Number of protein chains: 4
Amino acid sequence: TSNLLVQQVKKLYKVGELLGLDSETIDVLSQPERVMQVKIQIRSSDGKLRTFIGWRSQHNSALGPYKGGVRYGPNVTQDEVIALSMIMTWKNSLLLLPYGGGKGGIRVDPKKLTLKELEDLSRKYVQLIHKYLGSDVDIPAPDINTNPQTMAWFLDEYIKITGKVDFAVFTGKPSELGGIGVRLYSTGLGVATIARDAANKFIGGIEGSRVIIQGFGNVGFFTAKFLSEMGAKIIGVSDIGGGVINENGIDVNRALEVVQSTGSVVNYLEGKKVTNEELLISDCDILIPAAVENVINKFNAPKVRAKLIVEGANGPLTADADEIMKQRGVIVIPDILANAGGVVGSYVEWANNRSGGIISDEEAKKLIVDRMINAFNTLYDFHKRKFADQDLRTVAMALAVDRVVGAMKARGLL
Amino acid sequence: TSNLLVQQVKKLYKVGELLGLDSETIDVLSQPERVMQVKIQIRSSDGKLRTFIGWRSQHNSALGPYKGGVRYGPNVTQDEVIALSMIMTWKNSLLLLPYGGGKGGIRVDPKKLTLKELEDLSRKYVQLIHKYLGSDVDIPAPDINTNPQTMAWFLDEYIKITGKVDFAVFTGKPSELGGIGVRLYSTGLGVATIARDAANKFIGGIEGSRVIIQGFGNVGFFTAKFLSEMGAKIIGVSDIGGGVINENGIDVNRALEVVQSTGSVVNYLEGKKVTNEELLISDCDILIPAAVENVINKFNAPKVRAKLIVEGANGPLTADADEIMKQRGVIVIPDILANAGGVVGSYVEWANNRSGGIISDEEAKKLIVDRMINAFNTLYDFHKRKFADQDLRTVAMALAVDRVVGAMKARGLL
Amino acid sequence: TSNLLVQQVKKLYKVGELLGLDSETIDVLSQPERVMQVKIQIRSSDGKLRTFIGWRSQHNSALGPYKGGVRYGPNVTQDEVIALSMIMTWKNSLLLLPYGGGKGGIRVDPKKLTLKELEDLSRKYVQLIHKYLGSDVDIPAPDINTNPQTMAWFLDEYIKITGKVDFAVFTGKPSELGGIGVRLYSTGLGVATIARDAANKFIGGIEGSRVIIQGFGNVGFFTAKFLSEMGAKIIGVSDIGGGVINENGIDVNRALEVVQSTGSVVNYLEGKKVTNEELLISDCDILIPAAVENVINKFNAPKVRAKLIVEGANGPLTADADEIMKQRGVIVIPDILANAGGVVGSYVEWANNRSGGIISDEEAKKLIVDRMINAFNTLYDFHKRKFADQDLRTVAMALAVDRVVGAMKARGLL
Amino acid sequence: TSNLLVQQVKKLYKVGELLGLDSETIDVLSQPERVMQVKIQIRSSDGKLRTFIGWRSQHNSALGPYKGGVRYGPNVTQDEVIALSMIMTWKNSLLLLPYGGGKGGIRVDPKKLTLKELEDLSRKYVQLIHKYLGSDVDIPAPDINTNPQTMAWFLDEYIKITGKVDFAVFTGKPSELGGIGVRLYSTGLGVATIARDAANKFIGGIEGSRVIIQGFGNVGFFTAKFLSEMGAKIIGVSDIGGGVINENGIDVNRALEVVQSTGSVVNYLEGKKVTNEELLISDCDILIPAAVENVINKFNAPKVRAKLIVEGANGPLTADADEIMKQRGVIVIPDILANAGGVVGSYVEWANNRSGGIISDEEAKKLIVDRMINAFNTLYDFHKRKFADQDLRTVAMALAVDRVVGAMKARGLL
Ligand SMILES: NC(=O)c1ccc[n+]([C@@H]2O[C@H](COP(=O)([O-])OP(=O)(O)OC[C@H]3O[C@@H](n4cnc5c(N)ncnc54)[C@H](O)[C@@H]3O)[C@@H](O)[C@H]2O)c1
Ligand SMILES: NC(=O)c1ccc[n+]([C@@H]2O[C@H](COP(=O)([O-])OP(=O)(O)OC[C@H]3O[C@@H](n4cnc5c(N)ncnc54)[C@H](O)[C@@H]3O)[C@@H](O)[C@H]2O)c1
Ligand SMILES: NC(=O)c1ccc[n+]([C@@H]2O[C@H](COP(=O)([O-])OP(=O)(O)OC[C@H]3O[C@@H](n4cnc5c(N)ncnc54)[C@H](O)[C@@H]3O)[C@@H](O)[C@H]2O)c1
Ligand SMILES: NC(=O)c1ccc[n+]([C@@H]2O[C@H](COP(=O)([O-])OP(=O)(O)OC[C@H]3O[C@@H](n4cnc5c(N)ncnc54)[C@H](O)[C@@H]3O)[C@@H](O)[C@H]2O)c1
Ligand SMILES: O=C(O)CCC(=O)C(=O)O
Ligand SMILES: O=C(O)CCC(=O)C(=O)O
Ligand SMILES: O=C(O)CCC(=O)C(=O)O
Ligand SMILES: O=C(O)CCC(=O)C(=O)O
């Protein structure tokens, strides 16, 4: 139902071969433990009854309860949600979080629903799967087209159903409902932090580096903002409405005001308007896919001009694109490290909730950044000492998949 | 992963149109409420690890908890299980049972596993979905390649997990584990009873009728036994191994002894060995598909030679076949009526379990036969007055769908 | 700590060998699945704190939830409670009830506690084991020195803890708290029914038959009353205070008056006062142990003068006694049949609770009496064809054990 | 069935009398609240069915949920398991942990089972008691012949049954499954820390002190390793295969190599081979029982040559031995203090799980070591002022019991 699953299975096959895993073990890791599909009907403002389908994929729980966000979008499919859940397994393993991989999606265009409709949609999604949710079973969060407001609805419905004011069942919550202020921008803070560290290690430094970012929402906006503060030059931004290239630099806050008033960054007046396709293959130092998956494939990988790719989106490169970047000498900082700001921020939110709320937002910001940087340093050091002939995704996946396999063996599952 | 779902959805649109239901209502009905996919891995003693995928489709619960069996089979798919779960919703509604429709399947060749491997499989299937099973949630049962032994494993695992000796969570159980003796043969008793009644109504009676049955398992054997006892001549039986025709009559018990000692009824000595395709188009009075779906289609339907077809299997004739039978004046008694002796018997088992186990076996036999004759008579009489331009299948589905819709309306769901 | 467990295990290995069971299979059956020991402390009316030990033995659950009574007594031990739970398994199997074998007891002299102290004891007993009780887990009942009042306390504590008004968690309840009138006297009705039927089969009938009953409580009294009404002559009754013999017959209702006003039937004026030992070896036609276990043994079995022993008590004869009675031509009707009116009455009470209370007292009486006579008649006819070289106890045990083994095999447990 | 329970109850009445407790109060403390016995049957690799008995003793829960390990061994009995659970109560009280005393064991020779057989055993053990386990009910852990691998199986079974990924239900877990690195060696670190501190207080310090350790497993090895690093001379080690003495010192890492390659430290080439009996009475400065209970008794206590005994094992000295060591001027550091590094490490693991995993390995090490030294220093200073006429064990028990009694009084239980 989606090519992302084909890509994510192929990336797993490649690391499994490198680890010397048996074919059958790879098969177990390639398939999710449990997937739920659910029907949601809502009565719209116009009086019309509409039916939507959603999923929750629970890929792997060797290392703890399932963890991952929920996306709303008109092209969401079962296999997309499954694939996204597999990326969560690896990310959570890499960052040594006590979490397996989970993900959800509803096949809907949220831009065409009222707030009341979206609320009703959100509540019913939780209602239909809740026997397989819990703060120690499967903890959702935001993703494309969901946000702290979605999480407040999710939480309120869970409280309604279970009677338990369990803050820890959802992350990305508003800070007045048990969330943490840092989680709002923790993905982009992590992508910026990692991009800067990566640029210092690999391309001569971040200062004056020309950066193109695809997508301008929760990840893309904050990534732009923080990279701008760090002295990079943001020369390209885009969203679903298209992109803008300006070699003089984009005013990031102004661009957000353009989205707020017009609905797309493409309406930014000073710059060359471009297709998303053109934006990805335009000249830059660093390219940061921050929107959707499979945006760089066997067709455009040969035309990417960036020296350094940092993955803010989940699964923006196909398995072919991986091989092409390796052959071309383009350094790719993988999603499972680069974007882990999100889930590491959720971890702190979740642990704070379990602890009864005693972590400050300033401690939380430090905890997130430190884990991210420490993870990068571990990855770099394993790369240099054990897998110097492999790309960084391969090394990160080797660490991630090795840990999952060990835990499943200990538990008698393999 | 199957056309059986395409067929069921298409039938529902036609029936909804006939009932004057709007597109939006039909959309709700055509989508399952919840479907779970689960991964099962097993290590043989040979040492090899194998992975199997299974499903539980919970189609509709307007009228009660989900109810339906679980098939094992190497060609089982997600769409096949969803489709069979829709057939269960309608047959359950048609027979005025307090149940909605569900079904499960695992994609495995059970003939290639050891008994211990099958047990491990069956236990793990139940474990992986159990939070959405229960005696007032979803009550499984047998189907193809599963049986009382399978239900003993299901039950024992469920006891392990829940701590509760809730006999009612599964039907088709062994008598010594909360089952009822009549359930073993209730489907085939129902098929024979219905075939006799229809034969009396339409082709001059059951005595001396030449009957051909495809499949010789739980449905097919007992159908054959009861029709033998009722005066009919069984001239053809079959199974996955092929069939056997003898115009002088098959000895039904000897034939089972052939299955038992050789693995297939095709080894019966006294008759012509034939393929299944050939059995289905051989001369007879009554033809009873009792194996698998979609065995009679636009290609062999013109060649079938029977006066009366009684559907023991779920979904044995395609819509093209129904059309051709109508034109040819071949009577078809639909599965949702004819084979409902299984799920009615399961109702009696489940009710007996809930009431603490009091209902005697004889009264059980009576309750099943009465309900099924009454349903046929009701449907027969109804058809004279409304939907006279439609086949029996269409009328039966119309009543089944109408009842479901009425319950959803009452519950504020539509 | 009780010779009763040695008798039970020893009797079990003999039956296993006759059934041709592996030694390893018998090892499984000879050990309970779960046994709980609990501590109960009570602040007495004097002001003294006292500690009591109690147990719950859950022996086998192959055929259903554990079922059996709780006894209070100063000589109660862990192994007595285990042994009595094994007897429950075999009797529940024999009578084809959907129940396994359980038993409880507390090591206490209840005659030296106040009512409020006995309440506190009873409540604490249920509290400390409740996570392994339930109407589909383990359903307790009365036994020695417990009664419907005890059951009412047990129930009220279970409702307090769980918040569910689940009447089916205890049987022997008062009829205003979900009990049934017939359960008060169903044990004695069963014993009397069975004694008359055996008397008709083997000694020319009940009318004028001289009966001696040991024990005059729930089992003893009702046995006496019903045998009197059936036309037997009750020539001897006893309780823990001693016995009374009157060859002209005892007035049973008057004897109960004597017990209520003096505390022992030994104070019955018109008769010869005897020790319990003397009672058991006194001349009579029918002897009915209806007090405690192991009362007839290698020392007094040679001196018993009855034609027919009917076991009201659990385990009144030792294995040596069985051998002597066989050699002497004394017919013994084993406890697992003769006394099953209690647990069969419990079954009706439990099913009635589960059903919502449908079944009337008169239907209930009939169901119990019929199951008993049917069971005796089945056992009798069976015994002519199979195990004709063994006594009635042995053939009953053979059937009982065989059914359990079959259910365990079905469940993969053996 | 173990002399250990007699020692414990006897030691308890002495402490009670010193505390001025009523005999009736001591009766309550001397009896466990709940004890479960379970049956476990396993189909072995040969094809033979074997049955094993196991127990869970939940002794006291006044101060919190029950806490303590599970031991596998062919001499394990119900009363040994009860006695060890009492030791847990007193040590958890002494260390001011929010836990009561529990213990488990299974009567089995684990050295004669395959890994798969041990897995099956472990899983079934947890399954049969799970309704009285939970992270706030009863938290098990390792002991003799159990280890983090055992804990992983226990956990995976608990997740299977409950569907909750509750890491805090077991401690001693692998660090990838919610364990902590320091827990592997926290018992030995505690013993070594305490031995050094006592050596400094009482014998002029640890450097060059001659140490003899009985047992070379989780406690024994790490004790040896850490004392070596602290500058002690390890002159004697043993295991169930016998012992080795070398007055020049044993190479501790080499000895573990010998164990791994030969199965016993007795195969250590450079040293005099001795019986365990001989080891215990060999000349040394510090003697550390770190294997089993009751190894020093009235027969060998007169012949022990150490200045200082530090109890790594539970219950290694009998009451007679305590009296002799007191008369001889041999200082004994009791198990409830010396060995509490295990359960204090378990506490940190459990709190860390509840907190969401905040606490680092280095903070964890510090917390354990500090609580131990603080506890020893508190006990030392206390002992100068109160109970100065009693040994260290007696004063520790006095505090431990007094805290429990106070908590029970507060709860109305006493
Ligand atoms: N939110 C999180 O914490 C988080 C964490 C890790 C990774 N991610 C990944 O980051 C990516 C973006 O998530 P988000 O939270 O920023 O979502 P968002 O809904 O806040 O923003 C999505 C942005 O992408 C744009 N976009 C959508 N479809 C596009 C298309 N086809 N081409 C170009 N741009 C398009 C939108 O217009 C918008 O700017 C996704 O892959 C998501 O899985 C998100
Ligand atoms: N078991 C019930 O109570 C019940 C109730 C209603 C409907 N049904 C339906 O009846 C049919 C038979 O089920 P069953 O319970 O008797 O199954 P079963 O496993 O007991 O028997 C199946 C029989 O069909 C044969 N068969 C299998 N694949 C075949 C193929 N490709 N071609 C020909 N024969 C084949 C087998 O060899 C065997 O003889 C199925 O459609 C099932 O869903 C069963
Ligand atoms: N109550 C039931 O439903 C039921 C059912 C089946 C079997 N049983 C068995 O029947 C027997 C009696 O049970 P009950 O319910 O009548 O008990 P009960 O407490 O109602 O009466 C016990 C009677 O036995 C007497 N007794 C006690 N100890 C004695 C001794 N050592 N010697 C002589 N007499 C003694 C008492 O004085 C009293 O008369 C027990 O073995 C019990 O397990 C009871
Ligand atoms: N593991 C813990 O966290 C912990 C904590 C506190 C106390 N303890 C106690 O420490 C002792 C040892 O536990 P462990 O975890 O090290 O066990 P283990 O299974 O890791 O090692 C046991 C060691 O003792 C040896 N041994 C066994 N029986 C023996 C015998 N009869 N004579 C001599 N040596 C024998 C074995 O060969 C092995 O070297 C036990 O008393 C245990 O209850 C353990
Ligand atoms: O914060 C989370 O747990 C979910 C974020 C996410 O889904 C992601 O990392 O892509
Ligand atoms: O008896 C049942 O519940 C299952 C019956 C069924 O699945 C069927 O009718 O095909
Ligand atoms: O009625 C019951 O369940 C208990 C009866 C009993 O314990 C017994 O038969 O001895
Ligand atoms: O760490 C635990 O909980 C168990 C330790 C233990 O059993 C012991 O102290 O002997």
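For this coordinate set, the PDB header names X-ray crystallography as the determination method and states a resolution of 1.73 Å.

Colleague: Before we go on, may I ask you to explain the environment of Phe 387 of chain C in this structure?
Modeller: All names here are of chain C. Turning to its location among the elements, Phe 387 is positioned in the loop between α13 (361–385) and α14 (392–410). In this structure, the C-alpha to C-alpha distance between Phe 387 and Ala 398, residues 11 residues apart in sequence, is 8.7 Å. Apart from the residues within four sequence positions on either side, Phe 387 is in contact with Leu 18, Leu 19, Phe 382, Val 395 and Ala 398.

Colleague: Help me out: how do you make sense of the site of ligand 5 in this one?
Modeller: All names here are of chain A. Lining the immediate surroundings of ligand 5 are 14 residues, of which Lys 67, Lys 91, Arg 183, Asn 314 and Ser 346 lie closest. One nitrogen or oxygen atom from the side chain of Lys 91 is found 2.8 Å from an oxygen atom belonging to ligand 5. Separating an oxygen atom of ligand 5 from a side-chain N or O atom of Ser 346 is a distance of 2.6 Å. With the chains in place, 95% of the 290 Å² that ligand 5 exposes on its own is no longer accessible. The set of elements that each furnish at least two residues to the shell around ligand 5 consists of α3 (78–94) and α12 (341–355). No other element matches the three residues that α12 contributes to the shell around ligand 5.

Colleague: Is there a simple way to think about helix α7 (residues 218–230) of chain C in this case?
Modeller: Helical periodicity: at 3.6 residues per turn, an α-helix aligns residues three or four positions apart in one direction. All names here are of chain C. End to end, α7 covers 18 Å across 13 residues, agreeing with the expected 18 Å (1.5 Å per residue, within 8%). Buried residues belonging to α7 abut α6 (186–202), β7 (210–214), β8 (233–239), α8 (252–262) and β11 (286–289). Just downstream of α7, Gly 231 is the residue with a positive phi angle, here 105 degrees.

Colleague: Help me understand the interface of chain D and chain A, please; the structure alone is not making it clear to me.
Modeller: Interface extent is often summarised as the accessible area lost during association of the parts. If you look at the interface, chain D gives 22 residues, while chain A gives 19 residues. Summing both sides of the interface, chain D and chain A together bury roughly 1,500 Å²; the carbon and sulfur share of this comes to 49%. The tally of links between chain D and chain A comes to two salt bridges. The salt bridge involving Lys 164 of chain D is made with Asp 136 of chain A; its shortest N-O contact spans 2.9 Å. Summed over the shared surface of chain D and chain A, the result is 11 residue pairs in polar contact. Element by element, the count of residues in the side of chain D that touches chain A is highest for helix α5 (residues 148–162) of chain D, at five residues. A per-class count over the side of chain D that touches chain A returns seven nonpolar, seven polar and eight charged.

Colleague: What should I look at first to understand the packing of helix α3 (residues 78–94) of chain C against α14 of chain C in this one?
Modeller: Two quantities define a packed helix pair, namely the angle between the helix axes and the distance between the axes. All names here are of chain C. Interhelical geometry of α3 versus α14 gives an angle of 90 degrees and a closest axis separation of 8 Å. Compared by their axis directions, α3 and α14 come out roughly perpendicular. From α3, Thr 89, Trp 90, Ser 93 and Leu 94 reach across to α14, where they touch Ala 396, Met 397, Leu 399, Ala 400, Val 401, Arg 403 and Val 404. For the contact of α3 with α14, the residue count by class is eight nonpolar, two polar and one charged.

Colleague: What am I meant to see in the sheet that holds strand β7 (residues 210–214) of chain A here?
Modeller: Residue and element names in this part refer to chain A. Read across the sheet, seven strands follow the order β10-β9-β8-β7-β11-β12-β13 without closing on themselves; strand pairing throughout is mixed. Edge strands, defined here as strands with exactly one partner in the open sheet, are β10 (272–274) and β13 (331–333). In this sheet, adjacent strand axes meet at a mean angle of 20 degrees when their direction is disregarded. When strand β8 (residues 233–239) meets strand β9 (residues 242–245), the two strands line up antiparallel, connected through four bridges. Residue pairing across strands places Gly 236 opposite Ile 245, the latter belonging to β9. In this fold helix α6 (residues 186–202) packs onto β11 (286–289), β12 (308–310) and β13, with an angle of close to 160 degrees to the strand it touches most, β12.

Parameters and conventions
Residues numbered from 1 in each chain as written, not as in the entry; some residues may be left out. Chains lettered and ligands numbered in written order. Part of a larger assembly, values for the part shown. Heavy atoms only, no water. Helix = DSSP H or I, 4+ residues; strand = E, 2+ residues; numbered from the N terminus. Contact = heavy atoms within 4.5 Å. Near = heavy atom within 4 Å. Polar contact = N/O pair within 3.5 Å; in protein donor to acceptor, adjacent residues only side chain to side chain. Areas by Shrake-Rupley, 256 points an atom, 1.4 Å probe, with all protein chains shown as cover. Expected span 1.5 Å × (residues − 1). Buried area = accessible area lost by both parts, 1.4 Å probe. Salt bridge = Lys/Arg side-chain N within 4 Å of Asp/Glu carboxyl O. Nonpolar A, V, L, I, M, F, W, Y, C, P; charged D, E, K, R; others polar. Axes fitted to C-alpha atoms, helices over the stretch in contact; angles between N-to-C directions. Parallel < 35°, antiparallel > 145°, perpendicular 65-115°, else oblique. Pairing = 2+ DSSP bridges.

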